[PDB]
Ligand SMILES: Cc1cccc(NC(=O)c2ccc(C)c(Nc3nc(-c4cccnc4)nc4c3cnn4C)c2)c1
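Consider the single chain below, provided in structure tokens and representing the form deposited without the ligand.
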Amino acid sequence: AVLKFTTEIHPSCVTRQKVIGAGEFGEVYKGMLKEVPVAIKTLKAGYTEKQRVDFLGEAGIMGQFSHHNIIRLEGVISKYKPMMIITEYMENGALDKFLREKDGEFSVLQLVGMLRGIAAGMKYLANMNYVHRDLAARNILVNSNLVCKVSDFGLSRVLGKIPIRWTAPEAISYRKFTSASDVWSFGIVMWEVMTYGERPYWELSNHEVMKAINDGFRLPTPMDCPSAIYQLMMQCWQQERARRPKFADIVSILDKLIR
């Protein structure tokens, strides 16, 4: 794929209406663009140069993609303060928090549908030769129509701190990040979904998680999870990365459970 540069949006085109959260780099707003509803992420007052670079850099990576299950970037304001990233609006926010609120409410069919969309976004990303490295329910956003979309491309790169509980053993131990380590992470996301937003490995420390992983531990079947879905997450957690399904396999497997 050919590299894209980021669309610059004029400040007068953006209207912030309400605060909808606190971000890594500053406040997040709901507002309007041009008009269409958008999420508007701002860069905090007193930002450092590194923060500016990382803020706009993540947006640039997100902007490489055009897929229904990857957050759409409208553009950035980088020539004016406050600097902003403008994306599609996701009314229901982060997937982990959304499921905790809706604990036990969804059908298995609906949870599978949500996972199928996430897998489709990842299949697309993998085919574009990108590894995400930070795939986790907290980094997936949910819109009013229950569509789940991959967000948070800070660690993403073409094929420092890492999210240990979501990371494959070979990526933890040997710095080997591939689409197959993203598949491991997807398995963790499946577990987060089927548990309605339980924390992977509960309150074990990172060192304890690493030891558990190295000892062959796998997270247990979520309450009332169908065997076929638990087996799929177990397949995503094959110790040897070459033996995990590809995202194309995952999409096909989930598709067949949509009945």
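Numbering starts at 1 and follows the sequence shown. Here the rigid core means the biggest group of C-alpha atoms that line up within 1.5 Å when the two forms are laid on top of each other.
Here the subject shifts to the form deposited with the ligand bound, a form of this protein not shown in this document.
The site on the displayed chain is blocked: the ligand, placed by C-alpha superposition from its pose in the bound PDB entry, has three or more atoms within 2.4 Å of backbone or C-beta atoms. Checked against the ligand in the bound PDB entry, the residues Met210, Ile61, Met234, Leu204 give one hit for a heavy atom within 4.5 Å, which is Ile61. Note on contacts: among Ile40, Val193, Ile229, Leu43, the single residue with a heavy atom within 4.5 Å of the ligand in the bound PDB entry is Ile40. Residue contact check for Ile20: one or more of its heavy atoms lie within 4.5 Å of the ligand in the bound PDB entry.
Taking the partner from elsewhere, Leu219 is found to have every heavy atom lying beyond 4.5 Å of the ligand in the bound PDB entry. Proximity of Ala119 to the ligand in the bound PDB entry: non-hydrogen atoms within 4.5 Å are absent; the residue sits far from the partner. Contact between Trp166 and the ligand in the bound PDB entry is not found at the 4.5 Å heavy atom cutoff. For the three marked residues, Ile85, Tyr89 and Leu141, a heavy atom of each sits within 4.5 Å of the ligand in the bound PDB entry. Partner contact region in the bound PDB entry: 145-153, out of 167-175, 184-192, 104-112, 145-153, criterion any non-hydrogen atom within 4.5 Å of the ligand.
Using a 4.5 Å cut-off on any heavy atom, the residues of 63-86 that reach the ligand in the bound PDB entry are, in sequence order, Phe65, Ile70, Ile71, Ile85. For the listed set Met114, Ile77, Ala136, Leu99, the sole C-alpha moving 2 Å or more between this form and the one not shown on a rigid core superposition is that of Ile77. After superposing the rigid core, the Cα of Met223 is displaced by less than 2 Å between this form and the one not shown.
With the core held fixed between this form and the one not shown, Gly23 has its Cα displaced by at least 2 Å. With the core held fixed, the Cα of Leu56 is displaced between this form and the one not shown by 2 Å or more. Relative to this conformation, an increase of 3 Å or more in the Cα-Cα distance between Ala94 and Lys44 is found in the bound PDB entry. Whereas the displayed form keeps them at a certain spacing, the CA atoms of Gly21 and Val131 lie at least 3 angstroms closer in the bound PDB entry.
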